[PDB]
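Visitor: So I pulled this structure from the PDB, and the sequence comes with it:
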Amino acid sequence: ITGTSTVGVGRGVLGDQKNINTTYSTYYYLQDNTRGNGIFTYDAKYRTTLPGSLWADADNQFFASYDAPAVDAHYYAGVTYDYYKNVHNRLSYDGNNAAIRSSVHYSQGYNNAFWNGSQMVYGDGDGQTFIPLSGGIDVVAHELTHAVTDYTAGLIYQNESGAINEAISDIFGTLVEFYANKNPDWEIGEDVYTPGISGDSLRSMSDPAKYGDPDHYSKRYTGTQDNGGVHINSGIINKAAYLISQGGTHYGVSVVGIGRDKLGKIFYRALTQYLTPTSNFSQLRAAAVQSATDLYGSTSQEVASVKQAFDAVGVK
Ligand SMILES: O[C@@H]1[C@@H](O)[C@H](O)OC[C@H]1O
Ligand SMILES: O[C@@H]1[C@@H](O)[C@H](O)OC[C@H]1O
Ligand SMILES: O[C@@H]1[C@@H](O)[C@H](O)OC[C@H]1O
Ligand SMILES: O[C@@H]1[C@@H](O)[C@H](O)OC[C@H]1O
Ligand SMILES: O[C@@H]1[C@@H](O)[C@H](O)OC[C@H]1O
Ligand SMILES: O[C@@H]1[C@@H](O)[C@H](O)OC[C@H]1O
Ligand SMILES: O[C@@H]1[C@@H](O)[C@H](O)OC[C@H]1O
Ligand SMILES: [Ca+2]
Ligand SMILES: [Ca+2]
Ligand SMILES: [Cl-]
Ligand SMILES: [Cl-]
Ligand SMILES: [Cl-]
Ligand SMILES: [Cl-]
Ligand SMILES: [Zn+2]
Ligand SMILES: [Zn+2]
Ligand SMILES: [Zn+2]
Ligand SMILES: [Zn+2]
Ligand SMILES: [Zn+2]
Ligand SMILES: [Zn+2]
Ligand SMILES: [Zn+2]
Ligand SMILES: [Zn+2]
């Protein structure tokens, strides 16, 4: 809509206050004109029609419980935009400042959130398995990173390529969570999963086995469920990424940690320059090694640590 750029205030899913960029034309709309071609957040009104209505509010105050999913979808899309622009010089998910559109209150009791090829879609959860999923910055950035992948390497969504696709989204979801630097960790979805249970999450990057996911290539899932285990086998790559950043000793292999920023630079370069739709784990290792070589030199600690981490998880 055409209007004046304004700044509203509200509370997110977890009760935290934050400012949001809005547009004023009779109503205050969740339309942030400060980032690229805009960030737009929509009310799906418990339907499955998309995108729904551009979110309208009478007073630029967003403290109602019904507002909270919209506040967080809008704000965390902004954080994700800021991460990709400030850290990687990438303008929105397509690198060409595409508008970021999000719909909240999608369907009823819907325990999922997804990038659908042109926008983000957030269920409210059923209140037991999940609360509204836009409350999780890592979920928001995980799904928007699928769009990044789609516009770069094009990793399919099955078998090893799909597990890399998933891990890439977990890695950058987590790096966005650290960039926001409110309550970061190496867990996925902890803020919105199981409100009755403290200390759990959908999966752990630092210890995938905590939830039964593999932390070594020899433990990879080879069945047909979950598109060949894409959310399961991602633990193998997630653990390698965790080791690259934080270091550690894993199955007897010592990894010297190089920190989060270099982890992100290495994997971003691998994703955008070297991966292809059918890259497998071994090819991801090669891409990460070459990316670290490009950035830091073949004799660098960074290259050596990439190799150590993939050795530790059994990927040659
Ligand atoms: O409403 C305006 C918006 O449509 C435009 O894109 O950028 C400036 C805004 O104030
Ligand atoms: O924590 C990371 C920060 O250290 C780096 O500067 O850029 C990415 C962030 O996630
Ligand atoms: O977040 C990590 C945590 O999972 C681990 O237990 O201790 C080190 C941290 O980096
Ligand atoms: O020890 C873990 C176990 O507690 C869980 O039930 O399944 C996965 C294992 O890694
Ligand atoms: O062969 C693998 C071994 O090298 C490693 O130590 O742990 C898992 C095994 O499958
Ligand atoms: O069966 C597949 C297995 O061969 C591969 O290694 O990892 C993904 C699985 O789907
Ligand atoms: O196969 C790819 C290779 O061509 C390139 O050199 O680095 C990435 C690899 O995965
Ligand atoms: Ca997290
Ligand atoms: Ca929980
Ligand atoms: Cl560990
Ligand atoms: Cl471990
Ligand atoms: Cl460790
Ligand atoms: Cl271990
Ligand atoms: Zn209001
Ligand atoms: Zn998803
Ligand atoms: Zn995903
Ligand atoms: Zn967290
Ligand atoms: Zn899955
Ligand atoms: Zn998923
Ligand atoms: Zn270990
Ligand atoms: Zn460990």
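Guide: Perfect, thanks for sending it. Numbers count the residues shown, from 1 in each chain. Ligands and ions are numbered 1, 2, ... in the order given.

Visitor: residues in the chain within reach of ligand 14, list them.
Guide: 57, 59, 61 (Cβ under 5 Å from the ion). Every C-beta, even on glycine, is put in place using the N, C-alpha and C of the backbone.

Visitor: Quick check, residue 201 in contact with residue 192.
Guide: No - look at residue 201 against residue 192 with Cβ atoms under 8 Å: they stay out of range, at 9.6 Å.

Visitor: Compare the two (neighbour count), which wins?
Guide: Taking residue 201 and residue 192 together and counting by other Cβ atoms under 10 Å, residue 192 has the greater number of neighbours (26 against 21).

Visitor: any idea how far that one lies from residue 202?
Guide: To residue 202, residue 192 is 9 Å away according to Cβ to Cβ, to the nearest Å.

Visitor: about what we covered before: in strands only, show me the residues of the chain next to ligand 14.
Guide: Within these, residues falling in strands by DSSP state E are 57, 61.

Visitor: Tabulate the residues of the chain next to ligand 14 in CSV, adding columns for neighbour count.
Guide: As requested, those are arranged in CSV below (neighbours: other Cβ atoms under 10 Å):
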residue, neighbour count
57, 19
59, 9
61, 13
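
Visitor: near ligand 3 too, which of the residues of the chain next to ligand 14?
Guide: For ligand 3, no contacts are drawn from these by Cβ under 6 Å from any ligand atom.

Visitor: Pop the domain breakdown of the chain in here.
Guide: Here the domain parsing of the chain from curated CATH domains is 6-154, 155-315.

Visitor: Any part of the shortest one near ligand 2?
Guide: Yep, that's domain 6-154 we're talking about. Yes - using Cβ under 6 Å from any ligand atom, domain 6-154 reaches ligand 2 at residue 87.

Visitor: Make 19 the first number, not 1, from now on.
Guide: Okay, using 19 as the starting number, the last item reads as domain 24-172.

Visitor: gap between the two ends of that domain?
Guide: 37 Å (Cα to Cα, to the nearest Å).

Visitor: ok, is that domain in contact with ligand 1 or not?
Guide: Yes - residues of domain 24-172 are located near ligand 1 by Cβ under 6 Å from any ligand atom, namely 41, 51, 56.

Visitor: Out of those residues, list just those in strands.
Guide: Using DSSP E, those in strands are residue 41.

Visitor: which of the residues of domain 24-172 next to ligand 1 tops the neighbour count?
Guide: Busiest of those [other Cβ under 10 Å] is residue 41, holding 21 neighbours.

Visitor: need the contact list for it.
Guide: Going by Cβ atoms under 8 Å, 6 or more residues apart in numbering, residue 41 touches 19, 21, 22, 23, 24, 47, 49, 50, 51.

Visitor: hang on, the last one packs against residue 25?
Guide: Translated: residue 51. No - using Cβ under 8 Å, residue 51 is not in contact with residue 25; the gap is 11.2 Å.

Visitor: Find the residues that touch each one of these two.
Guide: By Cβ under 8 Å, 6+ apart, the residues touching both residue 51 and residue 25 are residue 39.

Visitor: State the helix or strand in which residue 246 lies.
Guide: Element membership for residue 246 (DSSP states H and E) is helix 243-247.

Visitor: Help me confirm that residue 89 comes into contact with residue 30.
Guide: Yes - using Cβ under 8 Å, residue 89 makes contact with residue 30 at a distance of 4.9 Å.

Visitor: Need the overlap of contacts for those two.
Guide: Going by Cβ under 8 Å, 6+ apart, residues that sit against residue 89 and also against residue 30 are residue 36.

Visitor: Who is residue 72 paired with across the strands?
Guide: Beta bridges link residue 72 to residue 60 when assigned by DSSP bridges.
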